[PDB]
Amino acid sequence: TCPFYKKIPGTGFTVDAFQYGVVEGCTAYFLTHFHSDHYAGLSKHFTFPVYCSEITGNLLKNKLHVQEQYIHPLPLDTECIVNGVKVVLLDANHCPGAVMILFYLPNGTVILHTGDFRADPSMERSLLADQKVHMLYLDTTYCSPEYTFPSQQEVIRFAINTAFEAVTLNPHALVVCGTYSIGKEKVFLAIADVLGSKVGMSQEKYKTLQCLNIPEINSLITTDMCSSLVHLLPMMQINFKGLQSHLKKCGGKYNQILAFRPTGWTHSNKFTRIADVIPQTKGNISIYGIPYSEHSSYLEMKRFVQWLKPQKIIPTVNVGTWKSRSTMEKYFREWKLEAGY
Ligand code: NI
């Protein structure tokens, strides 16, 4: 049974609602981005129209084998008519192909669904500037003041410098970066660029990266692992056991591993500056946890919402406990009283 916060009132539309079977009255299923919690339920046997970005469409076709006739890609920043309702897709600053959706209801109501997003001041000069939003369906993943983390630029700077230093000291070292989904590709692409290397990876991961419309991608990645000094591995293998085993595999070409686990927030954010971050070390292996977020900080979320001044807010994350829901409602009221809407 589909929950209320995935329904768009006064339309036949749902958002990210693929795990409930056939939804009663739904004529179009929107998908905000290609992350499993959101696509959960789609497969090659789906026969309803799916509306999404070009990138999300490339992934549905190639990775999930959804048939072409049910995939409806829309350009960004463009007024489109779907089943007689005007819609716009906006970049969400999340993972590749992730969108926010603006719906202009036939009765005059305007609704923004953020999907997953990392709010940014640049969004204040999109097509959002032009008119009023009555309802906001908000990605509230980090809606609490304890959730602080640095910009994505500062995090990339720390990784580039760390990696370049280590490999310049030891030309026989290997950099490994963990992944479990699309997103956060800048981590491994920036490190490989500074080292003058391609990024090596499995055939399955190469196929995923080939769907993302990244410029010059053929110049950046490869399946020939041993030609490369940046490798990608599944996130679950980024530990001393998994990396010991990986170090065997190149035929003793490498005598040191430096590894990155991009997480979201961890409690070490409440005490440690990014510059001050230190790895866990065992012998010739070091693992760095780095706070590369593709969701809004509390401060970024507050700024966006105070700027948008919506009439109602519906959270889409952390909605399962009464304590969570109560905490989020208190912050929405402070923000409104502080700004005066
Ligand atoms: Ni996501």
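All residue numbers refer to positions in the sequence shown, counting from 1. Counting convention: from 1, in listed order, for ligands and their atoms alike.
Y104 carries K86 over the face of its six-membered ring, with the cationic atom under 6.0 Å from the centre and within 45° of the normal.
Applying the side-chain hydrogen bond (donor to acceptor under 3.5 Å, both in side chains) criterion to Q19, with sequence neighbours excluded, gives no partner residue. Take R303 and apply the salt bridge (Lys or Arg N to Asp or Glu O under 4.0 Å) test, not counting sequence neighbours, and it matches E124. For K186, there are no salt bridge (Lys or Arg N to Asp or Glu O under 4.0 Å) partners at least two apart in sequence or on another chain.
With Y142 as reference, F149 is the one residue of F149, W265, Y298, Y331 to meet the ring-ring contact (aromatic ring centres under 6.0 Å, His included) rule.
Ordered by chain and number, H33 NE2, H35 ND1, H94 NE2, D116 OD2 make up the set of protein N, O or S atoms under 2.8 Å of the Ni ion (ligand 1).
Here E294 does not pair with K184 in a salt bridge; the nearest charged N to carboxylate O distance is not below 4.0 Å.
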